[PDB]
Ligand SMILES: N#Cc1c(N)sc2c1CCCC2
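There is one chain below, alone, in structure tokens, taken in the form deposited without this ligand.
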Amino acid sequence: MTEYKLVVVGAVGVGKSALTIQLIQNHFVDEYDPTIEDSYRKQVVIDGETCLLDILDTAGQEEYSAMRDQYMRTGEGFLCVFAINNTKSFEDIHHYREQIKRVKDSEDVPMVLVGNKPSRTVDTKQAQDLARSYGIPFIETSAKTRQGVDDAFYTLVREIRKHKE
């Protein structure tokens, strides 16, 4: 079956890990063990096609800033995550995207902008406009209620498919 190598990127504390864990967990099981393969690889069906998602989430290593190229180079598509209560994490997005394009030596890399849900300081319209300027989808999530989590990863899988076609 087809495997998709996804990489999650973004500033510290924006919910990269909660998104990844909420995607991988079966819905009503609340016990995560990050030391095993089933914690980052998941078989799903998307638009009728069954595939294997391999998610690289390096949350907690943000201070190793010279390793980002190494981690990004492993990926086919990128979830660029910011926290909607954290304006600086939204301002960082441009730099992550430029680093990814440089690593992939390409102007159109499959990518989705994710704004994950204190109170709101980044307007939905601002994030939609930023995503539009990049030519990529924007998705808001609430890792805590699980709202939008599947949509964010499946939309990235769709972007990867559109790119390969």
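Residue positions are given as counts along the sequence shown, with the first one as 1.
From this point on, the text means the form solved in complex with this ligand, which you will not see here.
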So, this ligand superimposed from where it sits in the deposited bound form: by the 2.4 Å backbone or C-beta clash rule, 3 or more atoms, this site is blocked
Contact with this ligand in the deposited bound form, heavy atom within 4.5 Å, among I100, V122, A131, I139 goes to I100
Check whether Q126 has any heavy atom within 4.5 Å of a heavy atom of this ligand in the deposited bound form, and answer yes or no.
no
**Study point:** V9, heavy atom within 4.5 angstroms of this ligand in the deposited bound form
**Key:** yes
**Study point:** Non-hydrogen atom contact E62 with this ligand in the deposited bound form at 4.5 angstroms
**Key:** yes
If we define contact as a non-hydrogen atom of the residue within 4.5 angstroms of the partner, is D69 a contact of this ligand in the deposited bound form?
yes
